[PDB]
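Quick heads-up: it's one chain on its own, the form deposited in one PDB entry, in structure tokens.
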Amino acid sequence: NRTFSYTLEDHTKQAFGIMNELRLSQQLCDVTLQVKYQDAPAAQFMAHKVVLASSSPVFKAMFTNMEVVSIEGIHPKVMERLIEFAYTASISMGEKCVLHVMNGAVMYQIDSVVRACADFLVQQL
């Protein structure tokens, strides 16, 4: 015909696969999240601002104006699981963490995780 179009359905999933690898390799990272919560030991997470922005309106606003960002109000382990969700589309936690993850997900407006954690606590009743 006049016009040839093509779509690879697995593409976004494959590309996030490689972006997650680059995050774990600490390649092309432009933000370090320095997480200090209460008496828990300080933890550091290197990430890509554009991936964090693509999964969180709070990160998008934060970065749209190698940066070090100071984060309070969230346990390192919850920030880790939120970052992993942003890079993987998957999150996992012990039943006793679901509340702390929902709290983290509301703070970073990751609405997908808020919904799933809320649906779980309600089912748990």
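In case it trips you up, residue 1 is the first one in the sequence shown, and so on.
Here the subject shifts to the form deposited with a small molecule bound, a form of this protein not shown in this document.
When contacts are defined as a non-hydrogen atom within 4.5 Å, none of 29, 60 and 63 contacts the small molecule in the deposited bound form.
Using a 4.5 angstroms threshold between heavy atoms, residue 53 stays clear of the small molecule in the deposited bound form.
Although the partner is absent here, residue 77 is a contact residue: one of its heavy atoms lies within 4.5 angstroms of the small molecule in the deposited bound form. Interface membership of residue 71, defined by any non-hydrogen atom within 4.5 Å of the small molecule in the deposited bound form, is ruled out. By the criterion of a heavy atom within 4.5 Å, residue 48 is excluded from the residues contacting the small molecule in the deposited bound form.
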